[PDB]
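Trainee: Mind having a look at this structure? Questions to follow.
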Amino acid sequence: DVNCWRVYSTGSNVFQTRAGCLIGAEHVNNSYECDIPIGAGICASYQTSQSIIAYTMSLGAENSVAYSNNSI
Amino acid sequence: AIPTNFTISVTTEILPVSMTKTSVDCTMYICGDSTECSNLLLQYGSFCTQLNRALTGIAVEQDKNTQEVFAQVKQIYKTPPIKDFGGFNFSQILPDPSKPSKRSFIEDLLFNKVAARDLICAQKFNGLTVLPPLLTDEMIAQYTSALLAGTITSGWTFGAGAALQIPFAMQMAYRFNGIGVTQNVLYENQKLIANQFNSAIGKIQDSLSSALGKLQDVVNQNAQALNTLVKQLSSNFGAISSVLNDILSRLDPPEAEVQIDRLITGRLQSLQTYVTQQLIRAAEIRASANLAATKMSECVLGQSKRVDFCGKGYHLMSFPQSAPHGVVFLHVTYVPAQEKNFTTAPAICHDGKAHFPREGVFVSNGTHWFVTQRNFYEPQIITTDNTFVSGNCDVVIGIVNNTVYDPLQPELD
Amino acid sequence: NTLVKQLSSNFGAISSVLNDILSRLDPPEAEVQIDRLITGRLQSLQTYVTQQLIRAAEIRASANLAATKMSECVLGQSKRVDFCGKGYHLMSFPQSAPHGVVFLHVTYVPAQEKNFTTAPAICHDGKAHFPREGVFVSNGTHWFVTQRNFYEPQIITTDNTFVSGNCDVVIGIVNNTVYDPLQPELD
Amino acid sequence: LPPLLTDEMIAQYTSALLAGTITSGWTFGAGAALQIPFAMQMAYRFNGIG
Amino acid sequence: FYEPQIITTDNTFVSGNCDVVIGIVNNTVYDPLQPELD
């Protein structure tokens, strides 16, 4: 219930999403499997020293499937 | 009575999948900003811990059921650029480019159909919080679009082993052969079947544009439970007032301890009743989600021979649709329309030997004798290639004398 | 562990053991604490019984699911897709397990696959030749008939196809000759 | 509280279901009702189990 | 079911030779197409 206030300390690595204001995890542009859920399609893990990073989970191998109208 | 005409009718099926996640704090609901109340409730920490554990279990079970219902495939497929299908229409089951999500027109219609004075602000003061779901509407729409693409491309091979492409005509002929309909009937009446399917889709859209009780009963029950939890805070449970500060200001703690204990016991009983009701509702939702997952794995993925399971009629294919806190299916139910009355015969006696069919049936309209099937009207010439001899003629109760033409007779001469 | 720890809670009293209260006060003055402890223990037992009933219902549902799997996968060949494993179910082997059961569902899954040119119908000498239960394929020039599971090239004969009208009512059709092995047998 | 359905209505429904099963076989439960003799439907059901 | 019937060519189909199949037996076939051609 904090839109990054009502926090205990300033901390580090502030990320404001639909789940709230997470302090202590730097968001990355990569996407891996879901490990620890947070909220509204957010999955964080303890991977690379090891630190806490936030990312968006993936639904698998997203690709366009080929369709044939005269072949089988 | 052999059917002659058929009508392609598409029905709907509304089944809940998951609900909302509500977290109730023990201290914030029983007490709040009090010292003696918290000190007396600390002795009952085991009950609050058990309630929190049950709430977390319900919350994770909801996500597990949602993942088991929706997240069923592994390869996210998209729509193909080639729109060659044989005259069919797919503009109502494809993600529109004007929407930021991956919902079609029917999916969007189904989604749209579902301090102090404020409800959320007043509920937040007692610990009642609404946890955000794991799978949002975007992921649900993406999964629905992937399932639709898989069903329109591979049909049913993507749900079991490897994904193999197949045209719409080939899979339609396969589904027609699976129930007992020949391929020539579909090849000769493809435009009529496409027009009937388009008319059924339009009728379904017009009917949906005019209720969704299965997707609203859970919301109504949750709203009633929240209203009951809010109203239970006003009950004193045998006290002079509901506010602990009102009792602690006029009476000493040694005298108000019994009232505080009675209030704590009443709040704990109310919380236990609410938790039991929520557990019953979660069990019902889990059963409904298991039923929906079974229906999706049976009707959508592969052909189902069970009656009264994938709509009223012969189940052919199915197209799932996205819906908030639920799922909507579009089963294809082949149903015969008109029929014709003819004189049937279970056996035909030729020259002292019976002739039983492998799967056909001997019929006559009062003049000639033909052979057909119990599914569609297709009169053919009674030949020896479709019938077999197994016994004589004086052994069948209902036998008749009729000549049998031999196709190999002119070739042997 | 929860039931054991419930005996340590005071439930709004001076202690948690009735013998500790009866040895310091008289029954007429400790009856209130005794009744409070009794009510607390009864509430804890009711909560434990409710949890046990929920767990028993879940166990009964799991046992019904296991019995359905045994009567579908083991006893007989099930025809439901996505149930007796991942792929086409063939057979199963039930194994014993402590408070459970372990099955070995045999799931046939197609591995390698190649693309071939198919055709909805084949025109011979003016009549539409529809296949009996297989499908048509083309390796690049010729045309053969195979099944809907394995790649078995067979010669398109008159015994695997049947006539059902002319070639002017079929939309997707291609011209292809038929071997017809019945002609040399009559000569 | 008295139930909505009585034993007479249940008996009538079961009798109607039995009549439909012995007359139309199984076509009335998945579409239109088609007349079929008992021997024909018995042979059709036996042909599905070899 | 137990239905005695003569093994003819119209009830079976040829598939390969006898060397590619492990389990096989030596038995003649009636083949009613030959007497009908006489």
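Following the order of the structure tokens, first chain is A, next is B, and so on, with residues numbered from 1 inside each chain and ligands from 1 in the order they appear.
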Show me which bits of chain A are within 10 Å of chain B, counting only C-alpha atoms, as a ChimeraX atom specification.
Mentor: /A:1,18-19,37-43,58-72
Trainee: Limited to C-alpha atoms, could you put the picked residues into a file as an mmCIF file, in the first residue's frame?
Mentor:
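Generated file (part_22.cif):
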data_model
loop_
_atom_site.group_PDB
_atom_site.id
_atom_site.type_symbol
_atom_site.label_atom_id
_atom_site.label_comp_id
_atom_site.auth_asym_id
_atom_site.auth_seq_id
_atom_site.Cartn_x
_atom_site.Cartn_y
_atom_site.Cartn_z
ATOM 1 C CA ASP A 1 0.000 0.000 0.000
ATOM 2 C CA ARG A 18 1.161 -3.144 -9.503
ATOM 3 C CA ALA A 19 2.309 -5.337 -6.599
ATOM 4 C CA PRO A 37 5.846 -14.777 -6.778
ATOM 5 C CA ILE A 38 5.247 -11.168 -5.744
ATOM 6 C CA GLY A 39 2.037 -9.984 -7.404
ATOM 7 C CA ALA A 40 0.386 -9.141 -10.740
ATOM 8 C CA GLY A 41 2.629 -11.425 -12.779
ATOM 9 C CA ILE A 42 5.939 -10.718 -11.031
ATOM 10 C CA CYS A 43 8.447 -13.459 -10.181
ATOM 11 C CA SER A 58 7.821 -16.128 -19.408
ATOM 12 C CA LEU A 59 5.053 -18.346 -20.776
ATOM 13 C CA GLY A 60 7.529 -20.575 -22.629
ATOM 14 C CA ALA A 61 8.770 -20.672 -26.208
ATOM 15 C CA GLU A 62 6.654 -18.003 -27.918
ATOM 16 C CA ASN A 63 6.809 -18.454 -31.693
ATOM 17 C CA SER A 64 4.474 -18.373 -34.683
ATOM 18 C CA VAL A 65 3.397 -21.833 -35.834
ATOM 19 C CA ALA A 66 3.468 -22.531 -39.570
ATOM 20 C CA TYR A 67 0.202 -23.471 -41.288
ATOM 21 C CA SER A 68 -0.161 -25.421 -44.539
ATOM 22 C CA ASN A 69 -3.301 -25.433 -46.691
ATOM 23 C CA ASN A 70 -2.202 -28.103 -49.194
ATOM 24 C CA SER A 71 0.369 -30.181 -47.261
ATOM 25 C CA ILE A 72 0.364 -32.604 -44.331
#
Trainee: Enumerate the residues of chain A with a DSSP assignment of strand (DSSP E), computed from the backbone, and present them as a ChimeraX atom specification.
Mentor: /A:14-17,20-23,26-27,36-37,43-45,53-55,61-62
Trainee: What gap, in Å, lies between atom CA of residue B:17 and atom CA of residue B:286?
Mentor: 7.5 Å
Trainee: Could you list the residues in chain B lying within 9 Å of chain D, using only C-alpha atoms, and format the result as an MDAnalysis selection string?
Mentor: chainID B and resid 1:3 307:308 311:314 334:339 341 346 358:359
Trainee: May I have the residues from that selection written out with C-alpha atoms, as a short mmCIF file (atom, residue, chain, number, x, y, z; two decimals), in the first residue's frame?
Mentor:
data_model
loop_
_atom_site.label_atom_id
_atom_site.label_comp_id
_atom_site.auth_asym_id
_atom_site.auth_seq_id
_atom_site.Cartn_x
_atom_site.Cartn_y
_atom_site.Cartn_z
CA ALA B 1 -35.70 -43.18 -39.51
CA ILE B 2 -32.51 -42.11 -41.31
CA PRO B 3 -31.60 -38.41 -40.93
CA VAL B 307 -22.48 -38.24 -24.38
CA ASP B 308 -23.75 -35.10 -22.61
CA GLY B 311 -22.66 -30.11 -25.50
CA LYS B 312 -25.93 -31.54 -26.78
CA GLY B 313 -25.08 -33.60 -29.86
CA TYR B 314 -22.10 -35.25 -31.49
CA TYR B 334 -23.34 -31.88 -34.82
CA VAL B 335 -27.09 -32.52 -34.51
CA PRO B 336 -29.37 -34.07 -37.17
CA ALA B 337 -32.36 -32.08 -38.37
CA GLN B 338 -34.82 -33.67 -40.81
CA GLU B 339 -35.34 -37.41 -41.29
CA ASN B 341 -39.12 -43.04 -42.87
CA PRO B 346 -32.03 -56.67 -40.84
CA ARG B 358 -20.64 -54.97 -41.84
CA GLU B 359 -22.04 -51.63 -40.64
#
Trainee: Would you list which chain E residues are within 10 Å of chain C using only C-alpha atoms, as a PyMOL selection string?
Mentor: chain E and resi 33-34+37
Trainee: Quick one: which residues from chain E are at most 12 Å off chain D, using only C-alpha atoms, as a PDB file with N, CA, C and O atoms, in the first residue's frame?
Mentor:
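To be explicit, this is the file written out as iface-v1.pdb:
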ATOM      1  N   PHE E   1     -15.316 -63.582 -30.058  1.00  0.00           N
ATOM      2  CA  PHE E   1     -16.234 -64.650 -30.430  1.00  0.00           C
ATOM      3  C   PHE E   1     -15.473 -65.696 -31.229  1.00  0.00           C
ATOM      4  O   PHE E   1     -14.408 -65.425 -31.790  1.00  0.00           O
ATOM      5  N   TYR E   2     -16.037 -66.900 -31.272  1.00  0.00           N
ATOM      6  CA  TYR E   2     -15.455 -68.032 -31.989  1.00  0.00           C
ATOM      7  C   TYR E   2     -16.306 -68.297 -33.227  1.00  0.00           C
ATOM      8  O   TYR E   2     -17.354 -68.944 -33.146  1.00  0.00           O
ATOM      9  N   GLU E   3     -15.851 -67.793 -34.372  1.00  0.00           N
ATOM     10  CA  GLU E   3     -16.540 -67.978 -35.647  1.00  0.00           C
ATOM     11  C   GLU E   3     -15.582 -68.636 -36.631  1.00  0.00           C
ATOM     12  O   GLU E   3     -14.651 -67.978 -37.129  1.00  0.00           O
TER      13      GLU E   3
END
Trainee: Grab the atom CA of residue B:290 to atom CA of residue B:25 distance for me, in Å with one decimal place.
Mentor: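 Interatomic distance here is 29.9 Å.
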Trainee: Work out how far apart atom CA of residue C:120 and atom CA of residue B:171 are and give it in Å to one decimal.
Mentor: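 According to the coordinates, atom CA of residue C:120 and atom CA of residue B:171 are separated by 10.9 Å.
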Trainee: Show which residues sit within 7 Å of residue B:110, as a list in words. Count only C-alpha atoms, and ignore same-chain residues fewer than 4 positions away.
Mentor: residues 106, 114 and 323 of chain B
Trainee: Once you have the residues from the selection above, write them out as a PDB file, in the first residue's frame, restricted to C-alpha atoms.
Mentor:
ATOM      1  CA  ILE B 106     -16.645 -12.383 -27.457  1.00  0.00           C
ATOM      2  CA  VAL B 114     -18.511  -9.273 -15.315  1.00  0.00           C
ATOM      3  CA  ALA B 323     -13.186 -14.939 -19.036  1.00  0.00           C
TER       4      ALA B 323
END
